[PDB]
Amino acid sequence: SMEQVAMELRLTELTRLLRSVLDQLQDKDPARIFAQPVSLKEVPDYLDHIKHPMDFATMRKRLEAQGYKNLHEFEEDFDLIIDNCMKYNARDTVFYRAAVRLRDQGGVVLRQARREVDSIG
Ligand code: NA
(Lines give C-alpha, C1' and ligand atoms only; values in the text may rest on other atoms or scores of the structure.)
Protein backbone atom coordinates (compact mmCIF):
# COMPACT_ATOMS: atom_id res chain seq x y z
CA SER A 1 0.00 0.00 0.00
CA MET A 2 0.69 3.71 -0.57
CA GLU A 3 -0.13 4.45 3.13
CA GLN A 4 2.71 2.05 4.28
CA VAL A 5 5.17 3.93 1.96
CA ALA A 6 4.35 7.44 3.35
CA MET A 7 4.79 6.10 6.94
CA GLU A 8 8.13 4.66 5.77
CA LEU A 9 9.02 8.12 4.33
CA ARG A 10 8.11 9.66 7.79
CA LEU A 11 10.09 7.02 9.77
CA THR A 12 12.96 7.63 7.34
CA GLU A 13 12.83 11.36 7.97
CA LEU A 14 12.52 10.82 11.73
CA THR A 15 15.60 8.64 11.48
CA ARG A 16 17.50 11.37 9.59
CA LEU A 17 16.63 14.07 12.16
CA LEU A 18 17.50 11.71 15.06
CA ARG A 19 20.84 10.99 13.34
CA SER A 20 21.72 14.70 13.36
CA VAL A 21 20.61 14.99 16.99
CA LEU A 22 22.76 11.96 17.88
CA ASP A 23 25.84 13.59 16.28
CA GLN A 24 25.18 16.77 18.25
CA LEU A 25 24.86 14.90 21.58
CA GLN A 26 27.95 12.86 20.94
CA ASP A 27 29.96 16.08 20.23
CA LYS A 28 29.26 17.04 23.85
CA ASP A 29 31.29 13.98 24.87
CA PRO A 30 34.73 14.79 23.37
CA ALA A 31 36.44 12.42 25.77
CA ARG A 32 34.27 9.60 24.26
CA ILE A 33 33.45 8.26 27.71
CA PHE A 34 29.96 7.17 26.40
CA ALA A 35 31.02 6.10 22.90
CA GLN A 36 30.98 2.36 23.48
CA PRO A 37 29.35 -0.09 25.89
CA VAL A 38 31.05 -0.59 29.28
CA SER A 39 33.40 -3.57 28.84
CA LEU A 40 32.40 -6.74 30.68
CA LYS A 41 35.98 -8.02 30.55
CA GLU A 42 37.10 -4.81 32.35
CA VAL A 43 34.04 -4.35 34.62
CA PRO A 44 32.87 -7.96 35.08
CA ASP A 45 30.35 -7.04 37.82
CA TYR A 46 28.77 -4.21 35.81
CA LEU A 47 25.48 -6.01 35.13
CA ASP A 48 24.96 -6.64 38.90
CA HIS A 49 24.87 -2.81 39.15
CA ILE A 50 23.21 -1.68 35.97
CA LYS A 51 20.29 -3.57 34.44
CA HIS A 52 19.92 -1.60 31.20
CA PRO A 53 23.31 -0.49 29.83
CA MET A 54 23.36 2.03 27.07
CA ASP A 55 25.99 3.86 24.99
CA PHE A 56 26.19 5.89 21.80
CA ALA A 57 27.27 3.03 19.49
CA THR A 58 24.35 0.83 20.65
CA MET A 59 22.00 3.87 20.05
CA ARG A 60 23.56 4.23 16.55
CA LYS A 61 22.87 0.56 15.56
CA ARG A 62 19.26 0.90 16.67
CA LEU A 63 18.86 4.25 14.82
CA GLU A 64 20.16 2.79 11.53
CA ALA A 65 17.74 -0.12 11.94
CA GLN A 66 15.05 2.63 12.22
CA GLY A 67 14.15 1.24 15.61
CA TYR A 68 13.27 4.61 17.18
CA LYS A 69 9.47 5.11 16.68
CA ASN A 70 9.60 8.65 18.13
CA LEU A 71 11.83 11.10 20.04
CA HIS A 72 10.65 9.81 23.43
CA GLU A 73 12.22 6.35 22.80
CA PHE A 74 15.44 8.10 21.68
CA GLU A 75 15.50 10.30 24.79
CA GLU A 76 14.95 7.29 27.07
CA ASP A 77 18.11 5.70 25.73
CA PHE A 78 20.03 9.01 26.14
CA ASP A 79 18.87 9.39 29.67
CA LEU A 80 20.03 5.76 30.36
CA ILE A 81 23.57 6.64 29.35
CA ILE A 82 23.52 9.50 31.85
CA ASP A 83 21.60 7.89 34.67
CA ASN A 84 23.66 4.66 34.53
CA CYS A 85 26.83 6.61 34.82
CA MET A 86 25.66 8.78 37.72
CA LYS A 87 24.65 5.66 39.67
CA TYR A 88 27.69 3.49 39.00
CA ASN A 89 30.31 6.22 39.45
CA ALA A 90 30.67 8.37 42.52
CA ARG A 91 30.25 12.13 42.42
CA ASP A 92 33.93 13.07 42.55
CA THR A 93 34.91 11.13 39.40
CA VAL A 94 35.71 12.14 35.85
CA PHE A 95 32.92 9.83 34.61
CA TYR A 96 30.10 11.23 36.79
CA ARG A 97 31.28 14.80 35.93
CA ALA A 98 31.28 14.06 32.20
CA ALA A 99 27.64 12.82 32.45
CA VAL A 100 26.58 15.96 34.26
CA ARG A 101 28.13 18.02 31.42
CA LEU A 102 26.54 15.86 28.70
CA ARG A 103 23.17 16.09 30.41
CA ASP A 104 23.21 19.94 30.72
CA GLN A 105 24.57 20.52 27.18
CA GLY A 106 22.25 17.91 25.63
CA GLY A 107 19.08 19.53 27.07
CA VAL A 108 19.55 22.48 24.68
CA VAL A 109 19.79 20.03 21.78
CA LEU A 110 16.76 17.96 22.99
CA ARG A 111 14.77 21.14 23.67
CA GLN A 112 14.90 22.17 19.97
CA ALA A 113 14.51 18.67 18.56
CA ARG A 114 11.23 18.41 20.57
CA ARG A 115 9.97 21.50 18.72
CA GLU A 116 11.22 20.29 15.22
CA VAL A 117 9.38 16.94 15.70
CA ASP A 118 6.08 18.61 16.79
CA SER A 119 6.56 21.18 13.97
CA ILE A 120 7.34 18.64 11.17
CA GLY A 121 4.80 16.04 12.48
NA1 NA B 1 26.41 5.85 43.11
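Colleague: Is there a simple way to explain the overall build of the protein chain in this structure?
Modeller: The helix and strand tally for the protein chain stands at five helices and zero strands. Mapped from its N terminus to its C terminus, the protein chain presents α and β elements in the order α-α-α-α-α. Taking contacts inside the protein chain between residues at least 6 apart in sequence as the whole, the part at least 24 apart equals 63%.

Colleague: Is there a simple way to think about the packing of helix α3 (residues 56-64) against helix α4 (residues 71-88) in this case?
Modeller: A packed helix pair is summarised by two numbers, namely the angle formed by the two axes and the spacing between the axes. The interhelical angle for the contact between α3 and α4, taken along N-to-C directions, is 165°, at an axis separation of 10 Å. Comparing the axis directions of α3 and α4 gives the class roughly antiparallel. With respect to the hand of their crossing, α3 and α4 are arranged in right-handed fashion. Residues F56, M59 and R62 of α3 form the contact with α4, whose participating residues are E73, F74, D77, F78 and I81.

Colleague: What exactly am I supposed to notice about the packing of aromatic side chains here?
Modeller: A ring pair, where both rings are aromatic, is described by two values, the distance of the centres and the angle of the planes. Counting across every chain of the model gives two aromatic pairs. With a centroid separation of 5.1 Å and 70° between ring planes, the pair formed by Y46 and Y88 is classed as edge-to-face. Separated by 42 residues along the polypeptide, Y46 in helix α2 (residues 46-49) and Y88 in helix α4 bring together distant segments of the chain. Their ring planes at 80° and their centres at 5.3 Å tell us that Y68 and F74 sit as a pair that is edge-to-face. For the pair formed by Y68 and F74, the shared burial category is buried.

Colleague: Please clarify how the pattern of salt bridges should be interpreted in this entry.
Modeller: Per the stated rule, a full pass over the model turns up seven salt bridges. The shortest N-O distance in the salt bridge between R19 and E64 comes to 2.5 Å. Residue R19 is located in helix α1 (residues 2-26), and its partner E64 is located in helix α3; the two are separated by 45 residues in the primary sequence. By relative accessible area, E64 is classed as partly exposed at 43%.

Colleague: Which parts of the structure should I look at to understand the nonpolar core?
Modeller: Note on soluble globular proteins: their nonpolar side chains tend to be buried together. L25, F34, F56, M59 and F74 are the most contacted members of the largest nonpolar core, which totals 26 residues. Mapped by element, the contributors of at least two residues to this core are α1, α3, α4 and α5 (94-119). Here this core takes eight residues from α5, the largest share from any one element. Dropping the residues within four chain positions of it, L25 is found in contact with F56, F74, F78, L102, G106, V109 and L110.

The rules behind the values
Residues numbered from 1 in each chain as written, not as in the entry; some residues may be left out. Heavy atoms only, no water. Residues with missing side-chain atoms left out of burial classes, pairs and counts. Helix = DSSP H or I, 4+ residues; strand = E, 2+ residues; numbered from the N terminus. Contact = heavy atoms within 4.5 Å. Axes fitted to C-alpha atoms, helices over the stretch in contact; angles between N-to-C directions. Parallel < 35°, antiparallel > 145°, perpendicular 65-115°, else oblique. Left-handed = near helix turned anticlockwise from the far one by under 90°. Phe/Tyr/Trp six-rings, centres within 6.5 Å; stacked < 30°, edge-to-face > 60°. Buried < 20%, exposed > 50% of the residue type's maximum accessible area, 1.4 Å probe, protein only. Salt bridge = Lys/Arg side-chain N within 4 Å of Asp/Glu carboxyl O. Core = buried A, V, L, I, M, F, W, Y, C linked by side-chain atoms within 4.5 Å.

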